[PDB]
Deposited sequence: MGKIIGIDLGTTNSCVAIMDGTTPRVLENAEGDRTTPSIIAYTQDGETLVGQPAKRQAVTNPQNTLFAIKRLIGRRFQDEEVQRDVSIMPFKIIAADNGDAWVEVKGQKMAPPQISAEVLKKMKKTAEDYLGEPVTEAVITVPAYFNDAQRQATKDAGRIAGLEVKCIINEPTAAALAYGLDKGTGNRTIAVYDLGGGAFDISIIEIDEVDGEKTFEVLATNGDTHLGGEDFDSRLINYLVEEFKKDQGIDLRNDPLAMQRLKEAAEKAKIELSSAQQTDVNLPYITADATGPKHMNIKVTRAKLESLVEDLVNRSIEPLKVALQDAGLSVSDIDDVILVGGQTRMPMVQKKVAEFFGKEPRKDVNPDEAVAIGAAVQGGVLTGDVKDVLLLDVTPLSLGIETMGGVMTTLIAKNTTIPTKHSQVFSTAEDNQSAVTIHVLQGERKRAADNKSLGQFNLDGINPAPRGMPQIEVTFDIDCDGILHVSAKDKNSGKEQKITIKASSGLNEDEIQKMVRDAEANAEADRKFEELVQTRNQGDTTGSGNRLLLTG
């Protein structure tokens, strides 16, 4: 029946639903509109999720899992996983297949199983509110997630007992939330998302034509090293160094103390968005031969700002790239939307307002907008939300090079995503044993006048006259905008494939120039294609 929207966060998760025309963020049993993304396995056999898991973490560092979003869909040898292994107090292991897993109480578990526990709590929160079963969900992911990260998030959804109707990017969700307000049509917005796990920036166009409001991503990127956990780490390091200076003890080899110090640091960081100073007070933090030792360290806001200044400044460069990739100036951004708990830091707000020259909108809730927008997309799919469309179309034609240096289109410009199209090709020479699939992007008919996106070989073709072998070429663009190209020899069974990342932006200024350029050269391109075609389309070596 109803489709719920779930923000599966590194730090916090949130669930929302469409209640007729207006979205509703749903409270859990303690009364909370967000739930810590924390899962704990206790000595007496319980599985805790949320605030109960958080409260017993500082005593159970081994069997309390958090920040599992940093692992999901990743390989054990991935750079980020290895960086994560040390800092995490729980055991991160390699699965038999090379995926990054965790081990708790001797049980080896895949991240989607762990995240499913958070998603089940979200589902139940919703089922409790509706008095009915819920099984359909829109789940969000960072815009930087790849296919494996998305698929694994879909898995966690299923393991939680959810039909995953849709995965959408978090900044897009926030834009749908904002785009519920009136007067927001025909605007460009910047979505500045500083969460617990990463920084993301997206430039999104909200247009309104013939009653339909459309949402289209013009640029995205970010940095997984600029999240609130990185802010926390700078303050932890300062608290470690200050305790060394005050009392000559290095807390880093004492896991229980470091766990208490991590939580205290985060709470102090949070408090310093409201106050000018705060006190970190941790009695019985450690002991040496002379008895127990106690921490009491005052931290001013200016000191915090000094500790994280470089982190905040490093968020500016991805903004500049995002605007370049959309072909826009700051003067084209009609509104700035802050998403994420870490944007509540006053220094972050001021730096963003300085860059854009305007104050971020204040009627967007940075903890809830992602979950709200996911619910909006849910209502779009059920038909409860009318006249709202997420627009994802190919900017330019996509194809391969064929004989004569021709670009042969498989997917035409302005095709809606996701999409899949196949065409069968053959060989250009008798007894040709291999073909080269050269993937091309653009509107020109000569392959060399278009952009090369990648290439690969298919060999093992059995000897046969030119034109006889059947090479099926498939272009599949998934919802993440990732292009999958395969080539399969139907008679030998051999197949080869590649994956082509989505572009970081859609620069309509440059796209329309390329379109006009092709139109200016249409006749020349037509004549070119014709007297080459006087020779089923064929592939050279």
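What the model leaves out of the deposited chain are the segments 1, 537-546.
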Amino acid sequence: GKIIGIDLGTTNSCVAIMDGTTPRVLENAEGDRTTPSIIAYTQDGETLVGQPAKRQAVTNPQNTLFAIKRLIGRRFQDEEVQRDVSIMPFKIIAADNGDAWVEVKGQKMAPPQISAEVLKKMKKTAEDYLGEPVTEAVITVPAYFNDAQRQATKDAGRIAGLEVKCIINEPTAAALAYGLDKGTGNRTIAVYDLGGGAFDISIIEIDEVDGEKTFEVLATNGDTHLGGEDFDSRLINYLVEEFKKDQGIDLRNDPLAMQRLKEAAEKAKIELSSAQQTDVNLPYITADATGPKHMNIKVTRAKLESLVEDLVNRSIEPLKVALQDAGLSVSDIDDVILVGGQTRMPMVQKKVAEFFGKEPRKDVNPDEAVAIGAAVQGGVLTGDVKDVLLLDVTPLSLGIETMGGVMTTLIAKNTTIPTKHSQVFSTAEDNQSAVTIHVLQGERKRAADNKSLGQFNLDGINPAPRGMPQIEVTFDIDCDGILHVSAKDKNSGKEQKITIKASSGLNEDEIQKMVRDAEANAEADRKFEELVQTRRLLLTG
From here on, numbers count along this sequence of modelled residues.
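If you average the C-alpha B-factors over 48-56 and over 507-515, the higher value belongs to 48-56. For the two regions 325-333 and 383-391, the entry's Cα B-factors average higher over 383-391. Of all the options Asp279, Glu163, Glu368, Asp207, the entry's greatest CA B-factor is assigned to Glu163. Per the deposited record, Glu241 carries the highest C-alpha B-factor of all listed residues (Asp310, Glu401, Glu271, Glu241).
In the deposited entry, the Cα temperature factor of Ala40 places it in the highest third of its chain's modelled residues. Annotation for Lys182: CA B-factor lies in the highest third of the chain's modelled residues.
Compared with the other modelled residues of the chain, the Cα B-factor recorded for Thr21 ranks in the highest third.
The deposited CA B-factor of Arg444 belongs to the lowest third of values across its chain. When the modelled residues of the chain are ordered by their C-alpha B factor, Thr11 lands in the lowest third.
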